[PDB]
Q: 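Quick one: structure below, then a few questions.
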Amino acid sequence: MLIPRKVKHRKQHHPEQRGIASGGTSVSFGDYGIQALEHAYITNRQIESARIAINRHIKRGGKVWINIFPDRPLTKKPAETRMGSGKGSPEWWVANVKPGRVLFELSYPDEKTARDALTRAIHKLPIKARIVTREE
Amino acid sequence: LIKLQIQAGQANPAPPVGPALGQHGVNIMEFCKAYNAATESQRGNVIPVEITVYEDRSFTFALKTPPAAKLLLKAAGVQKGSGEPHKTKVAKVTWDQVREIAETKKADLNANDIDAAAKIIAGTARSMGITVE
Amino acid sequence: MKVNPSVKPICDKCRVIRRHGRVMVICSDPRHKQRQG
Amino acid sequence: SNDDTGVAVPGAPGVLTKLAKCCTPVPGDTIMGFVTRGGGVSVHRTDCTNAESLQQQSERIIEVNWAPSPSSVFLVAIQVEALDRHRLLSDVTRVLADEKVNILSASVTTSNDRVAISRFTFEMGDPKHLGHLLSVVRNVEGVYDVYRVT
Amino acid sequence: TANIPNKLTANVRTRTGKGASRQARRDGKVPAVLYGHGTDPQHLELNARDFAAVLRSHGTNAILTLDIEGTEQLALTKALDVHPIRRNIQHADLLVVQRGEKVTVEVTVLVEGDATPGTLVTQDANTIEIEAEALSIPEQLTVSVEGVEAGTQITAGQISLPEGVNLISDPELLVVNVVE
Amino acid sequence: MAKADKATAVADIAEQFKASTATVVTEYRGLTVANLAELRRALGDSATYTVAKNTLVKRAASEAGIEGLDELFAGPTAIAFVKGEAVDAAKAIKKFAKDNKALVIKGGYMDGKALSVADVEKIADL
RNA sequence: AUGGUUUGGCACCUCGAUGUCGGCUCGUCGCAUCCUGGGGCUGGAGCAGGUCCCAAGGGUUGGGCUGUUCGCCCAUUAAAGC
RNA sequence: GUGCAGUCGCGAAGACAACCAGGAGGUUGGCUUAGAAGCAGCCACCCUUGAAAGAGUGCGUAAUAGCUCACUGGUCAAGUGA
């Protein structure tokens, strides 16, 4: 699971789920990629499960990139507690994923297995997504 | 047509030979002696003896040339066929040996001539794992 | 029969159809029989 | 030490020849020997890595031929993958059930290129018996990298 | 070697602004701005279908002739604002050119071939920036990966440049990395 | 498959029909690669035996000197061409015919005439 | 994602009174079916099962301990439903 | 599922579908198992008579065989497929 070494502010406001992505809208790293079509907080678990799904659907051969790091904390109040008494402690680490943002990238020889691996990853992911290509 | 590179003098194991031809319905003891009698003059053969039959269950066969893979092995010294060509060339096989293969297979191979047979066994070794040049 | 929202082919013989308003999957292999539900 | 590896010296018998961990020169390739200053004869190969720094010491060297067939081998390893999720990491044991091996160059890393890199040791130092074990060890269906280690 | 500057109609834009642009894109047109050493920029409405056909058949850096109200003006495709989601062309910045201009562009590098089975090829550069006359801009710049072992950093100076083209990038620019 | 390759095969049929002289058309039935290749390498060191079409051969006919036939290829077509004279190879296909009997020897275009009991059968056998 | 039965969050009616757990009695409803019924697949030979689908007509025991619900246990049962 | 708007591959030089005939040798290309072969499993993933033959499409397969295949040719005959 990805996680930052440190953050200047451990307790942060929720990232604004609005706007189309202005950066990371393209590939720039590989041949095939996952593009997002919804807003969502993508977490460590989601990222690692999708990476793993790719790395299992296809094995030694090709490369994978993760163009998002979940450096945005999300807190959780304890359970069975009242509202108030302060803000919760960080529990989840997410990355605010606006539409257009390319999340995962890979370079693999056969388009079939590459696209299928990316499909496995998307099914691990909480959002509607899309296969994209470096070419166009 | 039971296609098997049947081995040298052996006591008829189950997987390669005996029930292999049994399921097609050929006898179990006569073929080894009837083929040894023909390989006396050609001592040393692991030929792909495609076992064949007559109408009323008789041993019909035309002895074939030895295999190109295993002949290349027997001629390359170490009786061991590799599996990784194009990256590691174990030992360069020589033209006179390639042509001896071509000559001994020109009888019972679907090659046109010496050089076509050489190209055929070249593709054989190319899939195999050993140099042919 | 399998009854799941995701019915899809399992082999090359598994054919997909729409029968009586339900997406069915049929095959020689009856293991691969599926229905949407 | 002086029982199996070393009996090739032209000059006179008696050997303190040691096979330095440079290139595994035990296969019968073009080699030479450097009288190890305090420690014997380090036997090195022609395509060795630290061969130029030894030839810089060009006096402390002597002819060697080295075809002592009845002896042991230095050994060499290969790059082969694992998978790390409940299958095809126990394939290493499945394919070690058909071969015993000592540890040479193992390393586990999976936040990497697209595999749980598990570079695999081996006990195979034969010229014409490499592709055989490289086929026995190639069950994972994603066998792209196959070359040995030096 | 030359390239036939593809033909296009270009109605000038009467109303300019985001409303007019959106109405145009709904009408199937494309807003564009033709500028350069013309030094009096024109605001135009191309047709999305044929413009996209031109681009996908002759790459981005494509020469093209614009029937600008009868006049046939020569131009280059300098930049494109394409939407991320729809991938529809939102806007075209076009560069006035002429014969023997030696424009500078960012051409599509394209890897091809296949190395040893025991390796992998990673493209670090989608493109390469070059100088060339604006009738012989290559649609592509190819590179080969046949028979290249690991550790072969193919950079930009190692490319097969055609005649007239001149690298403006540095030869240190890594293009392809061949790895395990 | 491509119509470019159709025109290619038409040109190939026309030019090889002009180059080689004897053209024995056959209706292939009762075949097998293992046996046809084996017999063909032996009997065909001066000829070659392979397929023809029903319409590409007709185009090559209209564009070669076998102009008016236009109705013989209604069926399987496994033409061989002998670049000398189909006597040895013709006898070869004749014995293969009397062996298998599924294959038919349709005829040829030796010189002007197509097929008859007079010339083709006897020049083949004898 | 369902549901809204659990622990909770909110504190919206009720503090010029909405009586609480468990049991007894009386039931009624849903089906997410325990039995009975029908069926598909099975690594279903058969007996017996597993899993899934349809099905709520009826039935769904008596006792020891505990205030207990629950649970354990005893004997039974076609079954001892939620 | 259907409609619309396209795009691409192929197609009366007969396409896709159906029906008739053929559908490999080398060869088991090699490792691995008692075996390895068109098909436990895997490395490479060739050439050759030739239309077409896949390091074989699968079944059947103890390995094979037999079975049909992909594919080749034909009979009718334009839309067909992604």
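All chains are named by letter (A, B, ...) in the order of the sequence lines, taking the proteins before the strands, and each is independently numbered beginning at 1. Values reported hereafter were calculated over all heavy atoms of this structure, with side chains retained and with hydrogens, waters and symmetry mates removed.
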Q: Under 4.0 Å, heavy atoms only, any strand: does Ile121(B) hit a base, just the sugar-phosphate, or nothing?
A: sugar-phosphate

Q: Given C31(H), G9(G), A51(H), identify the nucleotide with an atom nearest to the side chain of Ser135(D).
A: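 Among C31(H), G9(G), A51(H), the one nearest the side chain of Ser135(D) is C31(H).
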
Q: Hey, can you tell me if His14(A) and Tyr41(A) have their rings parallel, tilted or perpendicular (30° and 60° cut-offs)?
A: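 It falls in the parallel class, under 30°.
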
Q: Hey, could you give me each pair passing salt bridge (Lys or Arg N to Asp or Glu O under 4.0 Å) that has a residue in residues 12-24 of chain B? Not counting sequence neighbours.
A: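 Sorted result for residues 12-24 of chain B: empty, none.
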
Q: Could you check whether the six-membered base rings of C15(G) and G16(G), which sit next to each other in the strand, have centres less than 5.5 Å apart and planes tilted by under 30 degrees?
A: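 Judged on centre distance and plane angle, the pair does not count as stacked.
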
Q: Does the structure show a Watson-Crick or G-U wobble partner for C72(G), both distances under 3.5 Å? Name it, or say none.
A: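 Looking at the geometry, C72(G) pairs with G64(G).
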
Q: Could you identify the nucleotide paired to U51(G), looking across every strand shown and requiring Watson-Crick or G-U wobble geometry with both distances under 3.5 Å?
A: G40(G)

Q: Using a heavy-atom cut-off of under 4.0 Å over every strand shown, decide if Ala34(F) touches base, sugar-phosphate, or nothing.
A: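 Sugar-phosphate contact only - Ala34(F) comes under 4.0 Å of backbone atoms but never of a base.
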
Q: Considering only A51(H), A44(H), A62(H), which nucleotide approaches the side chain of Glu84(B) most closely?
A: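 Selected nucleotide: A44(H).
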
Q: With the side chain of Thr32(F) defined as its heavy atoms from C-beta on, choose the nearest nucleotide among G30(H), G22(H), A36(H).
A: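 Closest nucleotide to the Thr32(F) side chain: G22(H).
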
Q: Classify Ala20(B) by what it touches in the nucleic acid, base, sugar-phosphate, or nothing, heavy-atom distance under 4.0 Å.
A: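 Counting heavy atoms under 4.0 Å across all strands, the contact made by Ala20(B) includes a base.
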
Q: What does nucleotides 14-20 of chain H look like as a protein-contact string, B for base, S for sugar-phosphate only, - for none, at under 4.0 angstrom between heavy atoms?
A: S-----S

Q: One character per nucleotide, please: for nucleotides 53-60 of chain H, 5' to 3', B when the base has a protein heavy atom closer than 4.0 Å, S when only the sugar-phosphate does, - otherwise.
A: B-B-----

Q: List in chain and number order the residues that pass side chain to side chain donor-acceptor pair (under 3.5 Å) with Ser6(C), two or more places apart in sequence or in another chain; answer none if no residue qualifies.
A: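 With sequence neighbours excluded, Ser6(C) shows a side chain to side chain donor-acceptor pair (under 3.5 Å) to no residue whatsoever.
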
Q: In residues 26-37 of chain C, which ones come under 4.0 Å of RNA chain G, going by heavy atoms?
A: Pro30(C), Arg31(C), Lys33(C), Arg35(C)

Q: Let's see if you can work this out: which of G50(H), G41(H), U7(H) has an atom nearest to the side-chain heavy atoms of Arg94(D)?
A: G41(H)

Q: May I ask you to list the residues of residues 12-19 of chain B, by number, that have any heavy atom positioned under 4.0 Å from an atom of RNA chain H?
A: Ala14(B), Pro15(B), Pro16(B), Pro19(B)

Q: With respect to the side chain of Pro117(E), which nucleotide from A51(H), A44(H), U49(H) is positioned closest?
A: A44(H)

Q: Taking the minimum atom-to-atom distance to the side chain of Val3(C), which one of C52(G), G11(H), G26(H) wins?
A: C52(G)

Q: For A79(G) and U69(G), do both pairing distances fall under 3.5 Å in a Watson-Crick or G-U wobble arrangement?
A: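 When the criterion is applied, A79(G) and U69(G) do not count as a base pair.
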
Q: Mark yes when both conditions hold for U76(G) and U77(G) (six-membered ring centres under 5.5 angstrom, interplanar angle under 30 degrees), and no otherwise.
A: yes

Q: Under 4.0 angstrom, heavy atoms only, what part of the nucleic acid is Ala9(F) near: base, sugar-phosphate, or nothing?
A: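 Touches nothing.
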
Q: For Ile130(B) versus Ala91(B), what's the shortest heavy-atom pair and its separation?
A: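 Closest heavy-atom pair between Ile130(B) and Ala91(B): CG2-O, 4.3 Å.
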
Q: Distances under 3.5 Å only, N/O to N/O: pair up the protein atoms with those of nucleotides 1-3 of chain H.
A:
unit_1 : atom_1 : unit_2   : atom_2 : d
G1(H)  : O4'    : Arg18(C) : NE     : 3.3

Q: Measure from the side-chain heavy atoms of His132(D) and tell me the nearest of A51(H), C31(H), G6(H).
A: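 So the nucleotide nearest the side chain must be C31(H).
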
Q: Select base, sugar-phosphate, or nothing to describe what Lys119(B) touches, counting heavy atoms under 4.0 Å on all strands.
A: sugar-phosphate

Q: Under 4.0 Å between any heavy atoms, over every strand shown, what does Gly30(F) touch: base, sugar-phosphate, or nothing? Just pick one.
A: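 Contact class for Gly30(F): sugar-phosphate only.
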
Q: Could you check whether the side chain of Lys2(C) and the base of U51(G) have a donor-acceptor pair of N or O atoms closer than 3.5 Å, going by distance alone?
A: no

Q: When we call it a touch if two heavy atoms are under 4.0 Å apart, what does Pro66(B) touch: a base, just sugar-phosphate, or nothing?
A: sugar-phosphate

Q: Which of residues 97-109 of chain B sit near RNA chain H, with a heavy atom under 4.0 Å from it?
A: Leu109(B)

Q: With both distances under 3.5 Å required, do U61(H) and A15(H) pair Watson-Crick or G-U wobble?
A: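 Verdict: no pairing.
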
Q: Do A55(H) and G56(H) stack, judged by ring centres under 5.5 Å and ring planes under 30°?
A: no

Q: Could you walk me through whether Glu133(B) and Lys92(B) pass salt bridge (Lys or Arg N to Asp or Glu O under 4.0 Å), step by step?
A: CA-CA 6 Å; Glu133(B) 193 70 6; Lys92(B) 202 172 191 63; 5.3 Å; no

Q: Kindly state which residues belonging to residues 45-63 of chain B come within less than 4.0 angstrom of RNA chain H, counting heavy atoms of the residue only, listed by number.
A: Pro48(B), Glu50(B)

Q: Are the six-membered rings on the bases of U61(H) and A62(H) close enough and parallel enough to be called stacked, with the limits being 5.5 Å between centres and 30° between planes?
A: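 As far as the 5.5 Å and 30° test goes, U61(H) does not stack onto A62(H).
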
Q: Testing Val26(B), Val49(B), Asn12(B) for side-chain contact (heavy atoms from CB on, under 4.5 Å) with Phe31(B), which one passes?
A: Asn12(B)

Q: What nucleic acid atoms does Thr50(F) come within less than 4.0 Å of, heavy atoms only: base, sugar-phosphate, or nothing?
A: base

Q: Below 4.0 angstrom from OP1 or OP2 of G26(H), is there any side-chain N or O of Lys64(B)?
A: yes

Q: Could you check whether the six-membered base rings of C46(H) and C47(H), which sit next to each other in the strand, have centres less than 5.5 Å apart and planes tilted by under 30 degrees?
A: yes

Q: Would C82(G) and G4(G) count as a Watson-Crick or G-U wobble pair, both distances under 3.5 angstrom?
A: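 Paired, no.
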
Q: What does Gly129(B) touch in the nucleic acid at a heavy-atom separation under 4.0 angstrom: a base, only the sugar-phosphate, or nothing?
A: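 Counting heavy atoms under 4.0 Å across all strands, no contact is made by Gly129(B).
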
Q: Under the side chain to side chain donor-acceptor pair (under 3.5 Å) test, which residues partner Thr113(A), sequence neighbours left out?
A: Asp110(A)

Q: Using atom names, set out every protein N or O paired with an N or O of nucleotides 77-82 of chain H below 3.5 Å, distance rounded to 0.1 Å.
A:
none

Q: Which residues in residues 57-64 of chain F have a heavy atom closer than 4.0 Å to any atom of RNA chain H?
A: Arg59(F)

